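*Asks:* Hey, dropping work00.txt in here, compact mmCIF, C-alpha atoms:
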# COMPACT_ATOMS: atom_id res chain seq x y z
CA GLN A 36 120.12 105.21 97.03
CA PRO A 37 122.97 104.65 99.54
CA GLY A 38 122.31 102.11 102.36
CA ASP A 39 123.20 102.42 106.06
CA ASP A 40 126.90 101.43 106.02
CA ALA A 41 127.57 103.61 102.92
CA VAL A 42 125.92 106.49 104.82
CA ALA A 43 127.98 106.01 108.01
CA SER A 44 131.04 106.04 105.72
CA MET A 45 130.33 109.56 104.26
CA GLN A 46 131.80 112.84 105.58
CA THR A 47 129.24 115.16 107.21
CA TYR A 48 129.11 118.69 105.77
CA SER A 49 127.85 121.71 107.58
CA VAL A 50 125.42 123.79 105.52
CA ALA A 51 128.15 126.46 105.14
CA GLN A 52 130.59 123.85 103.90
CA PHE A 53 128.35 122.36 101.29
CA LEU A 54 127.17 125.77 100.04
CA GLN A 55 130.63 127.33 99.83
CA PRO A 56 131.34 126.18 96.25
CA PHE A 57 127.85 127.29 95.11
CA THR A 58 128.56 130.71 96.61
CA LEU A 59 131.66 130.95 94.37
CA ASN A 60 130.09 129.59 91.17
CA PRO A 61 126.87 127.52 91.17
CA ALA A 62 127.22 126.56 87.54
CA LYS A 63 130.63 124.99 88.35
CA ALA A 64 129.46 123.50 91.68
CA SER A 65 126.33 122.06 90.19
CA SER A 66 128.39 120.43 87.52
CA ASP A 67 131.02 119.02 89.94
CA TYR A 68 128.32 117.59 92.27
CA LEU A 69 125.85 116.38 89.58
CA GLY A 70 124.51 112.96 90.59
CA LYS A 71 126.45 112.86 93.88
CA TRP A 72 125.13 112.28 97.36
CA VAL A 73 125.95 114.53 100.25
CA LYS A 74 125.30 114.20 104.00
CA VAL A 75 124.52 117.66 105.47
CA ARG A 76 123.96 118.54 109.14
CA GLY A 77 121.98 121.63 110.20
CA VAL A 78 118.97 123.07 111.98
CA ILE A 79 115.61 122.51 110.41
CA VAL A 80 113.75 125.82 110.13
CA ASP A 81 110.80 124.83 107.95
CA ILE A 82 108.90 121.68 107.06
CA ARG A 83 105.98 121.95 104.68
CA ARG A 84 103.67 119.67 102.77
CA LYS A 85 102.99 120.84 99.23
CA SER A 86 100.50 120.14 96.45
CA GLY A 87 102.08 118.33 93.59
CA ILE A 88 101.32 118.01 89.92
CA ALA A 89 99.40 114.96 88.65
CA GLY A 90 97.75 113.73 91.92
CA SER A 91 100.95 113.97 93.91
CA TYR A 92 102.09 115.83 96.99
CA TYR A 93 105.56 116.27 98.35
CA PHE A 94 107.43 118.01 101.18
CA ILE A 95 110.06 120.74 101.33
CA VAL A 96 112.43 120.67 104.36
CA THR A 97 114.58 123.78 104.83
CA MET A 98 117.81 123.74 106.83
CA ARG A 99 120.08 126.50 108.13
CA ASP A 100 123.73 126.25 109.21
CA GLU A 101 123.99 124.96 112.80
CA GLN A 102 126.33 127.77 113.83
CA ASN A 103 124.89 130.46 111.47
CA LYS A 104 128.21 130.30 109.59
CA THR A 105 126.16 131.32 106.45
CA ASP A 106 122.69 132.88 106.21
CA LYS A 107 121.82 130.82 103.16
CA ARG A 108 119.38 127.95 103.57
CA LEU A 109 119.51 124.49 102.05
CA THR A 110 116.25 122.78 101.01
CA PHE A 111 115.45 119.13 100.48
CA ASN A 112 112.57 117.73 98.45
CA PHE A 113 110.94 114.62 99.90
CA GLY A 114 108.50 112.61 97.77
CA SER A 115 105.28 111.31 99.28
CA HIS A 116 106.78 107.88 99.79
CA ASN A 117 109.11 109.29 102.43
CA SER A 118 106.58 110.94 104.66
CA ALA A 119 107.78 108.86 107.64
CA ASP A 120 111.14 110.61 107.57
CA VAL A 121 109.53 114.03 107.21
CA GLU A 122 107.17 113.39 110.11
CA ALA A 123 110.07 112.60 112.46
CA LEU A 124 111.84 115.90 111.94
CA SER A 125 111.16 118.99 114.03
CA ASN A 126 111.55 122.76 113.37
CA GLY A 127 114.32 124.06 115.61
CA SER A 128 116.00 120.60 115.86
CA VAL A 129 119.37 119.69 114.45
CA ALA A 130 119.18 116.96 111.80
CA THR A 131 121.42 115.20 109.31
CA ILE A 132 120.07 114.36 105.91
CA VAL A 133 121.61 112.60 102.91
CA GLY A 134 120.44 113.89 99.56
CA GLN A 135 121.35 113.88 95.87
CA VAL A 136 122.42 116.83 93.73
CA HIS A 137 120.40 117.21 90.57
CA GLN A 138 120.91 120.04 88.11
CA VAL A 139 120.62 123.52 89.70
CA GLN A 140 118.72 125.98 87.42
CA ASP A 141 116.87 129.22 88.12
CA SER A 142 118.60 129.19 91.39
CA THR A 143 122.02 129.43 93.06
CA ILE A 144 121.32 126.88 95.80
CA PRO A 145 120.49 123.27 95.15
CA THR A 146 117.35 121.58 96.39
CA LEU A 147 118.60 118.13 97.38
CA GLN A 148 116.52 115.26 95.94
CA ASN A 149 115.68 111.65 97.07
CA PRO A 150 116.66 112.43 100.59
CA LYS A 151 117.09 110.18 103.57
CA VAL A 152 117.05 111.35 107.17
CA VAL A 153 120.05 109.81 108.95
CA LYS A 154 119.57 111.24 112.46
If you took the structure in this file and wrote it as structure tokens, what would it be?
*Replies:*
Amino acid sequence: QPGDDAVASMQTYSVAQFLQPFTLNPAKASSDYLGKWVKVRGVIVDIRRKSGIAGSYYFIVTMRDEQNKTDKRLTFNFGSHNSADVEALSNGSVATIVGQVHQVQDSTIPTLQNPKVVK
């Protein structure tokens, strides 16, 4: 996972910007981004705790473009160990979250993994 100074050093994408390549070809985009970390800024529109498999639970955080420059939403999957970050977000509030691209299947939009709320 990237630490604070590595995070401050990354470019901030809008949701529209990060999703643009996936809109063109998600197979290609998923392959180009595989394993990479992105820092995406947007408005949180849903936060939800979910029942996991094998005793676990996790959270899905959904984000829309800050200026509605796309209607597509980006989701992030936070494990139970990062409930502090999830509990500090707010629906309707702008946030910036760093997350990792894992393989995108059965979908055209990635669900960012191992996320970290920046601000």
*Asks:* Using all atoms listed in the file, which of the listed residues (A:85, A:61, A:95, A:153) sits closest to residue 43 in chain A?
*Replies:*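 Looking at the shortest contact to residue 43 in chain A, the residue is A:153.
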*Asks:* Between CA of residue 46 in chain A and CA of residue 145 in chain A, what is the distance, to one decimal in Å?
*Replies:*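 CA of residue 145 in chain A lies 18.6 Å from CA of residue 46 in chain A.
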*Asks:* For residue 105 in chain A, which residue out of A:58, A:135, A:142, A:128 is the nearest one, using only C-alpha atoms?
*Replies:* A:58
*Asks:* For a cut-off of 10 Å around (124.9, 129.2, 88.9), file coordinates, pick out all residues using only C-alpha atoms and list them as a PyMOL selection string.
*Replies:* chain A and resi 57-66+139-145
*Asks:* CA of residue 149 in chain A to CA of residue 100 in chain A: how many Å, to one decimal?
*Replies:*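 Separating CA of residue 149 in chain A from CA of residue 100 in chain A is a distance of 20.6 Å.
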*Asks:* Just to confirm, what's the straight-line distance from CA of residue 108 in chain A to CA of residue 86 in chain A in Å (one decimal)?
*Replies:* 21.6 Å
